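Source file run-v4.tsv; content: TSV, C-alpha atoms (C1' of nucleotides) and all ligand atoms.
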chain	number	residue	atom	x	y	z
H	540	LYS	CA	-50.25	49.94	-31.70
H	541	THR	CA	-47.07	51.38	-30.09
H	542	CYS	CA	-46.19	52.82	-26.70
H	543	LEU	CA	-46.34	56.58	-26.30
H	544	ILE	CA	-43.55	56.65	-23.72
H	545	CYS	CA	-40.75	54.41	-24.95
H	546	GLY	CA	-42.38	53.91	-28.34
H	547	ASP	CA	-41.88	50.13	-28.26
H	548	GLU	CA	-44.98	47.91	-28.08
H	549	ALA	CA	-48.40	48.94	-26.79
H	550	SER	CA	-50.13	46.61	-24.31
H	551	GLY	CA	-53.15	48.81	-23.68
H	552	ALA	CA	-54.17	51.90	-21.71
H	553	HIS	CA	-52.68	52.19	-18.24
H	554	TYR	CA	-52.98	55.17	-15.84
H	555	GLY	CA	-53.30	57.08	-19.10
H	556	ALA	CA	-52.03	56.64	-22.67
H	557	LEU	CA	-50.61	53.49	-24.25
H	558	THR	CA	-47.57	52.07	-22.54
H	559	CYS	CA	-45.15	49.23	-23.06
H	560	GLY	CA	-45.17	46.31	-20.68
H	561	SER	CA	-42.47	47.96	-18.56
H	562	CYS	CA	-43.53	51.57	-18.86
H	563	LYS	CA	-46.68	50.48	-17.17
H	564	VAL	CA	-44.86	48.74	-14.27
H	565	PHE	CA	-42.28	51.51	-14.22
H	566	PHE	CA	-44.65	54.42	-13.87
H	567	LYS	CA	-46.25	52.98	-10.77
H	568	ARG	CA	-43.18	51.80	-8.85
H	569	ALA	CA	-41.69	55.16	-9.83
H	570	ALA	CA	-44.27	57.88	-9.07
H	571	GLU	CA	-45.43	56.09	-5.90
H	572	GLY	CA	-42.20	55.58	-3.94
H	573	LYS	CA	-41.35	59.26	-4.67
H	574	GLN	CA	-37.64	59.04	-5.57
H	575	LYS	CA	-36.10	62.30	-6.75
H	576	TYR	CA	-34.61	60.78	-9.90
H	577	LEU	CA	-32.06	63.28	-11.18
H	578	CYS	CA	-31.13	63.28	-14.86
H	579	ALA	CA	-27.45	62.89	-15.55
H	580	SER	CA	-27.38	65.23	-18.53
H	581	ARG	CA	-29.66	67.82	-20.12
H	582	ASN	CA	-33.05	66.13	-19.55
H	583	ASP	CA	-33.63	65.52	-23.27
H	584	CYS	CA	-32.36	61.91	-22.95
H	585	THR	CA	-34.01	60.07	-25.85
H	586	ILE	CA	-36.07	57.20	-24.43
H	587	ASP	CA	-36.83	53.91	-26.18
H	588	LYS	CA	-36.78	50.10	-26.05
H	589	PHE	CA	-33.02	50.29	-25.64
H	590	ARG	CA	-32.41	53.27	-23.40
H	591	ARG	CA	-35.52	53.77	-21.26
H	592	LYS	CA	-33.65	52.14	-18.38
H	593	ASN	CA	-30.70	54.54	-18.67
H	594	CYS	CA	-32.50	57.42	-16.98
H	595	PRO	CA	-35.58	57.16	-14.81
H	596	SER	CA	-35.80	60.93	-14.35
H	597	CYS	CA	-36.24	61.66	-18.04
H	598	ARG	CA	-38.49	58.61	-18.53
H	599	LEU	CA	-40.72	59.52	-15.59
H	600	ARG	CA	-41.44	63.11	-16.64
H	601	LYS	CA	-42.15	61.84	-20.13
H	602	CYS	CA	-45.06	60.07	-18.43
H	603	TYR	CA	-46.64	62.94	-16.51
H	604	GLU	CA	-45.92	65.06	-19.57
H	605	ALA	CA	-47.53	62.57	-21.99
H	606	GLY	CA	-50.44	62.27	-19.56
H	607	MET	CA	-50.48	59.68	-16.79
H	608	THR	CA	-51.50	59.40	-13.13
H	609	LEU	CA	-52.41	57.26	-10.12
H	610	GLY	CA	-55.99	58.38	-9.51
Q	538	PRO	CA	-7.83	63.16	4.44
Q	539	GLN	CA	-10.18	61.15	2.13
Q	540	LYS	CA	-9.16	59.33	-1.08
Q	541	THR	CA	-11.80	59.65	-3.81
Q	542	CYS	CA	-12.73	57.71	-6.95
Q	543	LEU	CA	-11.43	59.25	-10.18
Q	544	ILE	CA	-14.41	57.72	-11.87
Q	545	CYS	CA	-17.50	57.75	-9.67
Q	546	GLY	CA	-16.40	59.80	-6.67
Q	547	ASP	CA	-17.35	57.25	-4.02
Q	548	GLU	CA	-14.80	56.20	-1.41
Q	549	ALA	CA	-11.73	55.00	-3.29
Q	550	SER	CA	-10.54	51.44	-2.85
Q	551	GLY	CA	-7.12	51.39	-4.45
Q	552	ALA	CA	-5.08	51.84	-7.60
Q	553	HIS	CA	-6.78	49.48	-10.03
Q	554	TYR	CA	-5.95	48.80	-13.66
Q	555	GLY	CA	-4.79	52.41	-13.75
Q	556	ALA	CA	-6.37	54.79	-11.27
Q	557	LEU	CA	-8.05	55.42	-7.93
Q	558	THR	CA	-11.24	53.53	-8.36
Q	559	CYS	CA	-14.23	52.76	-6.23
Q	560	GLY	CA	-14.89	49.13	-5.40
Q	561	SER	CA	-17.43	48.58	-8.19
Q	562	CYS	CA	-15.65	50.70	-10.72
Q	563	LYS	CA	-12.72	48.29	-10.52
Q	564	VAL	CA	-14.96	45.34	-11.19
Q	565	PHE	CA	-17.34	47.29	-13.42
Q	566	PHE	CA	-14.42	47.87	-15.72
Q	567	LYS	CA	-12.84	44.41	-15.89
Q	568	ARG	CA	-16.25	42.95	-16.71
Q	569	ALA	CA	-17.32	45.32	-19.48
Q	570	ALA	CA	-13.70	46.18	-20.32
Q	571	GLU	CA	-13.24	43.22	-22.58
Q	572	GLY	CA	-16.69	41.99	-23.47
Q	573	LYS	CA	-19.64	42.76	-25.73
Q	574	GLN	CA	-21.65	45.00	-23.40
Q	575	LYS	CA	-22.73	47.38	-26.12
Q	576	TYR	CA	-23.82	49.94	-23.54
Q	577	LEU	CA	-25.67	52.87	-25.05
Q	578	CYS	CA	-25.51	56.48	-23.89
Q	579	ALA	CA	-28.70	58.49	-23.78
Q	580	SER	CA	-27.70	62.08	-24.68
Q	581	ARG	CA	-24.22	63.12	-25.89
Q	582	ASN	CA	-21.58	60.93	-24.24
Q	583	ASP	CA	-21.04	63.60	-21.60
Q	584	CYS	CA	-23.10	62.53	-18.61
Q	585	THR	CA	-21.87	63.12	-15.09
Q	586	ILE	CA	-20.98	60.03	-13.10
Q	587	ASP	CA	-21.26	60.14	-9.31
Q	588	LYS	CA	-21.84	57.40	-6.74
Q	589	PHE	CA	-25.61	57.78	-7.12
Q	590	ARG	CA	-25.94	57.73	-10.88
Q	591	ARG	CA	-23.17	55.50	-12.11
Q	592	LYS	CA	-25.87	52.96	-12.85
Q	593	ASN	CA	-27.56	55.26	-15.33
Q	594	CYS	CA	-25.13	55.62	-18.24
Q	595	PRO	CA	-22.72	52.69	-18.49
Q	596	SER	CA	-21.35	53.98	-21.76
Q	597	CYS	CA	-20.27	57.34	-20.38
Q	598	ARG	CA	-18.91	55.65	-17.23
Q	599	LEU	CA	-16.74	53.13	-19.01
Q	600	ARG	CA	-15.66	55.82	-21.48
Q	601	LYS	CA	-14.62	58.03	-18.56
Q	602	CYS	CA	-12.45	55.09	-17.55
Q	603	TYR	CA	-10.70	54.57	-20.84
Q	604	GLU	CA	-10.25	58.33	-20.77
Q	605	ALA	CA	-8.77	58.35	-17.28
Q	606	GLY	CA	-6.32	55.89	-18.78
Q	607	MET	CA	-7.44	52.60	-17.30
Q	608	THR	CA	-6.47	49.29	-18.90
Q	609	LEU	CA	-5.93	45.56	-18.60
Q	610	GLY	CA	-2.40	45.28	-19.93
Q	611	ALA	CA	-2.51	45.59	-23.75
Y	1	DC	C1'	-1.59	45.88	-1.87
Y	2	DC	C1'	-3.95	44.16	-6.00
Y	3	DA	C1'	-6.32	41.18	-9.51
Y	4	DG	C1'	-9.82	37.76	-9.20
Y	5	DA	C1'	-13.21	34.55	-7.54
Y	6	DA	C1'	-17.07	33.97	-4.68
Y	7	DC	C1'	-21.11	35.40	-2.42
Y	8	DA	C1'	-24.83	39.25	-2.23
Y	9	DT	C1'	-27.94	43.18	-4.28
Y	10	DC	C1'	-30.93	46.01	-7.38
Y	11	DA	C1'	-34.32	46.71	-10.51
Y	12	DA	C1'	-36.29	46.21	-14.99
Y	13	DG	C1'	-39.30	43.54	-17.85
Y	14	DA	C1'	-41.91	39.33	-18.02
Y	15	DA	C1'	-45.06	36.18	-16.21
Y	16	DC	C1'	-48.96	35.60	-12.95
Y	17	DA	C1'	-53.20	35.98	-10.09
Y	18	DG	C1'	-57.70	38.20	-9.03
X	1	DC	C1'	-56.79	46.05	-16.35
X	2	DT	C1'	-54.28	46.70	-11.99
X	3	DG	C1'	-51.69	44.67	-7.93
X	4	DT	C1'	-47.89	41.12	-7.01
X	5	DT	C1'	-44.29	37.82	-7.74
X	6	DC	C1'	-40.50	35.61	-10.44
X	7	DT	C1'	-36.28	35.62	-13.33
X	8	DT	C1'	-32.06	37.35	-14.59
X	9	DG	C1'	-28.47	40.77	-16.31
X	10	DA	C1'	-25.89	44.36	-14.40
X	11	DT	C1'	-23.82	45.52	-10.23
X	12	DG	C1'	-21.60	45.57	-5.49
X	13	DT	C1'	-19.07	43.91	-1.47
X	14	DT	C1'	-16.33	40.18	0.77
X	15	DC	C1'	-13.08	36.88	0.96
X	16	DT	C1'	-8.36	34.75	-1.19
X	17	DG	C1'	-3.72	33.56	-2.96
X	18	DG	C1'	0.69	35.62	-4.30
K	1	ZN	ZN	-42.96	52.29	-22.99
K	2	ZN	ZN	-31.94	61.63	-18.54
K	3	ZN	ZN	-16.06	54.69	-8.95
K	4	ZN	ZN	-24.63	58.86	-21.07

Is it possible to express this structure as C-alpha cells?
Ligand SMILES: [Zn+2]
Ligand SMILES: [Zn+2]
Ligand SMILES: [Zn+2]
Ligand SMILES: [Zn+2]
Amino acid sequence: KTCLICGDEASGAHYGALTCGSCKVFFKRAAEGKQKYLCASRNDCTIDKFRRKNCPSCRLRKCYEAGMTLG
Amino acid sequence: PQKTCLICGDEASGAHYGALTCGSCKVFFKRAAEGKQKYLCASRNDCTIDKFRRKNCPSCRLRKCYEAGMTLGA
DNA sequence: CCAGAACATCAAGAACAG
DNA sequence: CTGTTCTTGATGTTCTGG
C-alpha cells in the first residue's frame, strides 16, 4: 500500500512500481527534461515523505534503480 | 578581482549579518534564522553548498552560516 | 553601504481533465 | 492511468530609507 521510492503513500503503478503522488509527477518531469542532477553528498541520501525534495539526483536514480521508465 | 560568497560561492553582495554573502544567502538567513523552518538534512550534515545546489539542503546551508559566524544581534 | 520591504521566480505536490 | 494546470512555500532580485 506504500510507495517504493519515497515509501510514503502508494497511488498505483506508474511507469513501473508503486509511487507516491509526487514520485509519479517527479519521475516524468525529471527523466524527460534531462537535467544532470548532482548529489550534494555521498549519493546515499535517505529519501522519504520529508526529504525526497532535498536531492533530485539521489531520488531519481532510486527510480531507475527500483525499476521505472518512459516507454 | 571577484568577491565571493562565504556560504554559497555565488557573486558576493556585501557584508551581511556577519560575512560576505550572496544576495539570497543574506535573505535566506534572516528568514530561517529566527523561525521554525525545521529544515532536514539528507545525509550527514556535511553537504557541499554552491550556487547550483544551495536549494537542496537548507539545513546544511543555514548551519554553514551559523558556523561562518553569522547572526542577527543576540 | 546595509537591513528590510516589496515585487518576482521555482518547483514540488495536489487537484484536474481526457 | 497518463498528460496538464493550479496553489503555495521556499527562494531570489529590486527598490528604499537612514
Ligand atoms: Zn514516492
Ligand atoms: Zn543526494
Ligand atoms: Zn551565498
Ligand atoms: Zn544536507

Counting all atoms listed in the file, collect the residues of chain Y whose closest atom lies at most 12 Å from chain H, and write them out as a PyMOL selection string. chain Y and resi 11-15

Suppose we keep C-alpha atoms (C1' of nucleotides); can you now write the selection as a PDB file, in the coordinates of the input?
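part.pdb, freshly written:
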ATOM      1  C1'  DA Y  11     -34.320  46.710 -10.510  1.00  0.00           C
ATOM      2  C1'  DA Y  12     -36.290  46.210 -14.990  1.00  0.00           C
ATOM      3  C1'  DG Y  13     -39.300  43.540 -17.850  1.00  0.00           C
ATOM      4  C1'  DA Y  14     -41.910  39.330 -18.020  1.00  0.00           C
ATOM      5  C1'  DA Y  15     -45.060  36.180 -16.210  1.00  0.00           C
TER       6       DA Y  15
END

Counting only C-alpha atoms (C1' of nucleotides) and all ligand atoms, what residues are within 10 Å of ligand ZN 2 (chain K), given as a list in words?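 Written in the requested form, the residues are residues 576, 577, 578, 579, 580, 581, 582, 583, 584, 585, 586, 590, 591, 592, 593, 594, 595, 596, 597, 598, 599 and 600 of chain H; 578, 579, 580, 584, 593 and 594 of chain Q.
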
Keeping only C-alpha atoms, write those residues as a PDB file, in the coordinates of the input.
ATOM      1  CA  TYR H 576     -34.610  60.780  -9.900  1.00  0.00           C
ATOM      2  CA  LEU H 577     -32.060  63.280 -11.180  1.00  0.00           C
ATOM      3  CA  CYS H 578     -31.130  63.280 -14.860  1.00  0.00           C
ATOM      4  CA  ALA H 579     -27.450  62.890 -15.550  1.00  0.00           C
ATOM      5  CA  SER H 580     -27.380  65.230 -18.530  1.00  0.00           C
ATOM      6  CA  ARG H 581     -29.660  67.820 -20.120  1.00  0.00           C
ATOM      7  CA  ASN H 582     -33.050  66.130 -19.550  1.00  0.00           C
ATOM      8  CA  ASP H 583     -33.630  65.520 -23.270  1.00  0.00           C
ATOM      9  CA  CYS H 584     -32.360  61.910 -22.950  1.00  0.00           C
ATOM     10  CA  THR H 585     -34.010  60.070 -25.850  1.00  0.00           C
ATOM     11  CA  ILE H 586     -36.070  57.200 -24.430  1.00  0.00           C
ATOM     12  CA  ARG H 590     -32.410  53.270 -23.400  1.00  0.00           C
ATOM     13  CA  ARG H 591     -35.520  53.770 -21.260  1.00  0.00           C
ATOM     14  CA  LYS H 592     -33.650  52.140 -18.380  1.00  0.00           C
ATOM     15  CA  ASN H 593     -30.700  54.540 -18.670  1.00  0.00           C
ATOM     16  CA  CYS H 594     -32.500  57.420 -16.980  1.00  0.00           C
ATOM     17  CA  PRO H 595     -35.580  57.160 -14.810  1.00  0.00           C
ATOM     18  CA  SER H 596     -35.800  60.930 -14.350  1.00  0.00           C
ATOM     19  CA  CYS H 597     -36.240  61.660 -18.040  1.00  0.00           C
ATOM     20  CA  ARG H 598     -38.490  58.610 -18.530  1.00  0.00           C
ATOM     21  CA  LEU H 599     -40.720  59.520 -15.590  1.00  0.00           C
ATOM     22  CA  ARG H 600     -41.440  63.110 -16.640  1.00  0.00           C
TER      23      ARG H 600
ATOM     24  CA  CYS Q 578     -25.510  56.480 -23.890  1.00  0.00           C
ATOM     25  CA  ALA Q 579     -28.700  58.490 -23.780  1.00  0.00           C
ATOM     26  CA  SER Q 580     -27.700  62.080 -24.680  1.00  0.00           C
ATOM     27  CA  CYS Q 584     -23.100  62.530 -18.610  1.00  0.00           C
ATOM     28  CA  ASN Q 593     -27.560  55.260 -15.330  1.00  0.00           C
ATOM     29  CA  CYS Q 594     -25.130  55.620 -18.240  1.00  0.00           C
TER      30      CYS Q 594
END

Identify all chain H residues at most 12 Å from chain X by counting all atoms listed in the file; ligands do not count. Present them as number ranges by chain. H: 550-555, 563-564, 567-568, 592, 609

Include C-alpha atoms and write out the residues we just selected as a PDB file, keeping the file's coordinate frame.
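The resulting file, part05.pdb, is reproduced below:
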ATOM      1  CA  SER H 550     -50.130  46.610 -24.310  1.00  0.00           C
ATOM      2  CA  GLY H 551     -53.150  48.810 -23.680  1.00  0.00           C
ATOM      3  CA  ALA H 552     -54.170  51.900 -21.710  1.00  0.00           C
ATOM      4  CA  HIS H 553     -52.680  52.190 -18.240  1.00  0.00           C
ATOM      5  CA  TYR H 554     -52.980  55.170 -15.840  1.00  0.00           C
ATOM      6  CA  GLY H 555     -53.300  57.080 -19.100  1.00  0.00           C
ATOM      7  CA  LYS H 563     -46.680  50.480 -17.170  1.00  0.00           C
ATOM      8  CA  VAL H 564     -44.860  48.740 -14.270  1.00  0.00           C
ATOM      9  CA  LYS H 567     -46.250  52.980 -10.770  1.00  0.00           C
ATOM     10  CA  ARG H 568     -43.180  51.800  -8.850  1.00  0.00           C
ATOM     11  CA  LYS H 592     -33.650  52.140 -18.380  1.00  0.00           C
ATOM     12  CA  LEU H 609     -52.410  57.260 -10.120  1.00  0.00           C
TER      13      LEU H 609
END

Within 6 Å of ligand ZN 3 (chain K), counting all atoms listed in the file, which protein or nucleic acid residues do you find, written as a PyMOL selection string? chain Q and resi 542+544-547+558-559+562

Report as a list in words the set of chain Q residues whose atoms approach chain X to within 8 Å, with distances computed over only C-alpha atoms (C1' of nucleotides). residues 560, 561 and 565 of chain Q

I need the residues from that last selection saved to file as a PDB file, keeping the file's coordinate frame (with C-alpha atoms), if you can.
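Final output, result24.pdb:
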ATOM      1  CA  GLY Q 560     -14.890  49.130  -5.400  1.00  0.00           C
ATOM      2  CA  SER Q 561     -17.430  48.580  -8.190  1.00  0.00           C
ATOM      3  CA  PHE Q 565     -17.340  47.290 -13.420  1.00  0.00           C
TER       4      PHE Q 565
END

Provide the atom CA of residue 589 of chain H to atom CA of residue 545 of chain H distance in Å, to one decimal place.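 Distance between the two atoms: 8.8 Å.
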
Calculated over all atoms listed in the file, which of the candidates Q:582, Q:541, Q:550, Q:574 has the smallest distance to chain H?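 Going through Q:582, Q:541, Q:550, Q:574 one by one, the smallest distance to chain H is for Q:582.
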
Gap from atom CA of residue 564 of chain Q to atom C1' of residue 3 of chain Y - Å, one decimal: 9.7 Å

I'd like the neighbourhood of residue 583 of chain Q as an NGL selection string, where a residue qualifies if any of its atoms comes within 7 Å (using all atoms listed in the file), though same-chain residues fewer than 2 positions away should be ignored. :Q and (581 or 585 or 597)

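If we count only C-alpha atoms (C1' of nucleotides), these residues of chain Q sit within 9 Å of chain Y: residues 551, 552, 553 and 554 of chain Q.
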
Go through Q:588, Q:540, Q:598, Q:567 one by one, measure the shortest atom-to-atom distance of each to ligand ZN 4 (chain K) using all atoms listed in the file, and give the residue with the smallest value.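 For ligand ZN 4 (chain K), the nearest of the candidates is Q:598.
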
Restricting the calculation to all atoms listed in the file, which member of H:610, H:548, H:602, H:588 is positioned closest to chain Q?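 Looking at the shortest contact to chain Q, the residue is H:588.
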
Which of Q:538, Q:555, Q:610, Q:595 sits closest to chain H [using all atoms listed in the file]: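 Between Q:538, Q:555, Q:610, Q:595, the residue approaching chain H most closely is Q:595.
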
Report the distance between atom ZN of ligand ZN 1 (chain K) and atom CA of residue 566 of chain H in Å, rounded to one decimal place. 9.5 Å
